[PDB]
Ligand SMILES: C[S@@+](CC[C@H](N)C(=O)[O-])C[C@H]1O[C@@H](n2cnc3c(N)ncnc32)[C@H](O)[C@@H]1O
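The chain that follows stands alone, in the form solved without ligand SAM, written as C-alpha cells.
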C-alpha cells in the first residue's frame, strides 16, 4: 500500500536520526552551504525537502528565515518537533513539488533541495515540473541548491559507502541507467532498501539549464567515511538570473 511505502521511509529516517545525532552530524558536515548563502546575502530560504528537519534547523540556527516544505505530513510533524526540541519554531507547509505555489505565496532568496531527494522522481516530466516550480518560487536574483549522490562513478563501483564513522553502510545492490537500489545497514543490525533514479551529473545540469537557470556550478562533496578519488555527492548551485 501507499501507506506502507510511506511508513517504510518514515522508519528509515527515524532510524537514521536515532543513531546519528545532529550535533555530531553538523560538526562533521561543516558550513559550506551556510557560507554560500551568507556570501550571496540570502535571507529568505525555502526548504523543499525538509524530511525530519536537519537542514531546516541548521538554517534556522544560522539566522535565516526558513519555510519548511515537504510532500509528507508525517515528515513535517517529525521536523517540527525536532525544531522544537532544538529551541526553534518551524514553519511547516505540506506541498507537492508539482504544484509548489499552491500554498506558498512568497518568493525566496534561495531554495534548498538536499538529502539526495531529487532522485526520488522516476518520471522526467515530474523532474522538469518540479524544477520549474522551484524556479518560479525564486526571486529574480535567487539561487537553487540541489544535491545528489554521484551515480556516474557507479554507472561507469560495487562496494559499500559508510556514513558517521561506521554507523551506517550504503551498498548498491542494483544499478542500471534507470534504477539504483541501495541497501542501508545500520550499526544496530537494521536494514532498509531504497530505490532512486541514478541521475548523471550532466543530466541534472542539463535539466536545470533547460527549465531556465542561467549559471550552474556543480561542486564535488566528499561525505563518506572512507574517502575515494571521486566524491560520493554533488551539489548543484543554480542561479536563476
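Numbering follows the first chain given and starts at 1.
Just so it is clear, the following notes concern the form solved in complex with ligand SAM, a form of the same protein that is not shown.
- Looking at ligand SAM in the bound PDB entry, residues 55, 75 and 97 each place a heavy atom within 4.5 Å of it.
- Within this chain, residue 104 is remote from the site of ligand SAM in the bound PDB entry, having no heavy atom within 4.5 Å.
- Although the partner is absent from this view, residue 208 stays clear of ligand SAM in the bound PDB entry, with no non-hydrogen atom inside 4.5 angstroms.
- By the criterion of a heavy atom within 4.5 Å, residue 120 is counted among the residues contacting ligand SAM in the bound PDB entry.
- By the criterion of a heavy atom within 4.5 Å, residue 170 is excluded from the residues contacting ligand SAM in the bound PDB entry.
- Contact with ligand SAM, judged by heavy atoms within 4.5 Å in the bound PDB entry, is confined among 138-146, 159-167, 82-90, 107-115 to 107-115.
- Shown here without ligand SAM, the chain has 48, 49 in 26-49 lying with a heavy atom within 4.5 Å of that partner in the bound PDB entry.
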